[PDB]
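So here's one chain in two forms, each on its own in structure tokens, numbered structure 1 and structure 2.
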Structure 1
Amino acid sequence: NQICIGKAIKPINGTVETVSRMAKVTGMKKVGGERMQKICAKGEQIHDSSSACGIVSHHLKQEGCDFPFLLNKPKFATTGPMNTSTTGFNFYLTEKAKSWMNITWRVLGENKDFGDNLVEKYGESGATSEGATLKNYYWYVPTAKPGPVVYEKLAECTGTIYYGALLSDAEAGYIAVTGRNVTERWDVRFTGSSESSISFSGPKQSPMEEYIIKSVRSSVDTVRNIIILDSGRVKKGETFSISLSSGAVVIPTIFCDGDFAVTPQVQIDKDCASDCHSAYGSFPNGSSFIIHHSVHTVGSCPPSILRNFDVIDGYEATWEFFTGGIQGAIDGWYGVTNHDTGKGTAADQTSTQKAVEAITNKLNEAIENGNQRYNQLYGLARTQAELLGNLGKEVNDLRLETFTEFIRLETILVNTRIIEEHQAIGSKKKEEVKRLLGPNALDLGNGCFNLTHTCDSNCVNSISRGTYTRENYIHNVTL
């Protein structure tokens, strides 16, 4: 009789978008992973000191508040608010100091110390009885006042340094310590990778009057000392300089850049593990992209996007009289039949696995291209702490918006390439049958052949393995 080849009919599932049209497919999936409803923290440590410490207390090494000086640092931390009192002095901070101290207290790297150099250069530090419980500071009080100097040093890592002043609100103490006159203004300047400065004057003058009013009082109500801070930045291989006068203060530590821990905001669950966490949940194992609105994460995580897209997973449906589909039931994507159901239908295997492999190859290439584009956009030598510190109070990142469009543009090309490859694979099989049958059989030109003799089920399945021969089927003639 006659034989035909083609695909197997399956119900339609969805539609995808290509360059020139919309296609109907029997299966599709997504590229991104979705957030969970909890945090999986099996085999981890959690640090919590929300009842005793504050943000400032950690920097100054108060008694019992020493997160940044530990050998092993947990990846989850929580502490009190920024306006929490201490047990030593009263303190005042500027806006930049607040912005950088929101981050610098929980870095996961190593910190550098240079107090001994100052001690050996200028002698012993000043002493007071109101700071018995604090350790990390250096007070410059020379014998001859004011005696300005300039201190220069070569840095070791990239990070931030805090500097400022420490003064009392009594006029007699101010005159005895500074050695200046009340009706004067004097500055402290920091020059590094950038430039910064701060100004001071007498107690009953500007701008010290505002500092006294805006300060945060301490637990002990008999403390008369206020310390005012500000920040500056350094670089690894260069030299930084500070101008010093009698009365200035500096914290002798460099907080090197790196990664910082996250603060949980949802319920914490044990007895389950993962490898990528955020402040609002975890993510599934082995993902290629993450649906997130920032770049702050702990663990090993892929890049981030703002929304999700669809990618083909099956094959296109092109059918409704032969049209290209086979009504039989077969365990494959391609088949050969002779208008018989149950025994007159057979399936091949090579085309199925080739079509399977094409998708994986194309998807891997697209993922690699996306990774390279991300690296170009953000740079090879990047640090999360610096990236989030530079943003400040802004919650919108333009680079994420720029990156999101690239994936949307790439998905269409991926779909088009996959479909064209499937068509190319399908085209070749039709040629291997025409040359195999010979030139004595006519072809309908629509994938269905029509043979000179009768072709039974064995005739059909012998073609599938390709061991077909013409010698034993010559008998009888029919059209």
Structure 2
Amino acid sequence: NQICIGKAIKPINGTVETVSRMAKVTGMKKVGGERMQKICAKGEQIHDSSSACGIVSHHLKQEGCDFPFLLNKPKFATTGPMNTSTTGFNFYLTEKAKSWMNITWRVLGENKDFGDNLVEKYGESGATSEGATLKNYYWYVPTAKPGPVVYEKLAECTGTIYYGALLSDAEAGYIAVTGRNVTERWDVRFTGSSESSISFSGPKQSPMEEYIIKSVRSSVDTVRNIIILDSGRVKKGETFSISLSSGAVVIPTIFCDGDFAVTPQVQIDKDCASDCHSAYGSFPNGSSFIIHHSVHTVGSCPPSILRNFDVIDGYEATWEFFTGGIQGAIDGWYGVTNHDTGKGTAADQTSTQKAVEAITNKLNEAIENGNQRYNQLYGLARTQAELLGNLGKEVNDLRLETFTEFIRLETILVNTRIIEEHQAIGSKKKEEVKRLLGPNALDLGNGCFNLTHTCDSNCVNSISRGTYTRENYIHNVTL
């Protein structure tokens, strides 16, 4: 009779966006992983000290609040609000210092201490009874007040250093500590990776009179000392300098950058594990991309995008006579038939395997391209700590928008390449079948062939594995 080849007919699932048109496909999936309901924290420590500690207490190493100086830092951390009351000095913080201490208290790296070098360079630190509990600060009060000096040091990592002043309230104490007249404004400057400065004066003179008002009172009500702080940034190789006068204070620790913990905001659930956790839930295992609005995450995490996109999973539906599809039911994607169902139709696994492998290879190449673009766009030697510190209070990252646009443009190319590869596979298969059939077999040109003899179902399935031979079918002539 006649024989035809084509694709198995399956119900249409959806539509994908090719470069030149929209293609109807029998199966599609989503490239990026989706956030889940809870946080999977099986087999991991949770640090919760929000009942006794504060943001500044960890920095200043108050008793019982020593997260930055721990040994095995937990991945999840939580503590009191920024305006908590400590048991030592009253404190005031610059906006930059606030934005940087929201982050630096929970870095998971190793913090370098240089208080000793200061001790041998400038003698013993200042001593006061109001800071008995607190144990991490150097107070520069030389005998020859004020005696300005410049402290030079080659940094050991890339981090943040907190510097400023520690001054009392009464004029007598201020004069006795600084040795300067009350009507004098004096500066403390920091020159590392960037230049920063802060100004001070007497208690009843600007701008310290606002430092008293805006200060955060301590737990004990009989302390007159206020510590005013500001932040400066260093570099691993470069040398940083601090301009120190009498009364100046500095927290002797370089809070090295790196990955920093997250503060849970949703339900914490045990008995389940994951690999990429966020502040609002974890993510499924082995995701190529992540639906997230930031680069802050813990564990092994792929690049983040803002919205999902659809990629192909089956094949194009090029059918509704013979239109290209096969009415029979077969176990595969491509097949050959003689308009008979049940025994006269067979499927070939080679084309299906080639199509699946092509889909997988195209997806892998696209993922590699996206990863390379992400690395170029953020930098190979990046760090979440500095990436969020430099952002500040801004919650919109335009680089994420650029990355999302790049992924959106890449998905269309993926679909186009997959469809073109499928078309090439089909053309090669039909040309091979035509060559195998021989030159005495008429070709319809639409994928069907019309033999000069009768071709039963054995005639059909013989072609399936390519063992068909012309000799056994020479008998009889028909058109």
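Basically, rigid core = biggest C-alpha set you can superpose within 1.5 Å across the two forms. Each residue is numbered by where it sits in the sequence of structure 1, with counting from 1.
Enquirer: Rigid core as reference, CA moved 2 Å or more between structure 1 and structure 2 - which of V31, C40, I55, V433?
Expert: Single hit from the list, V433.
Enquirer: Can you read me the CA shift for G447 between structure 1 and structure 2, rigid core superposed, in Å?
Expert: Once the two forms are fitted on their core, the shift reads 2.1 Å.
Enquirer: What is the Cα shift of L377 between structure 1 and structure 2 once the core is superposed, in angstrom?
Expert: A shift of 0.6 Å.
Enquirer: In Å, how large is the C-alpha displacement of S194 between structure 1 and structure 2 after the rigid core is aligned?
Expert: Spelling it out: core superposed, C-alpha of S194 shifted, distance 1.1 Å.
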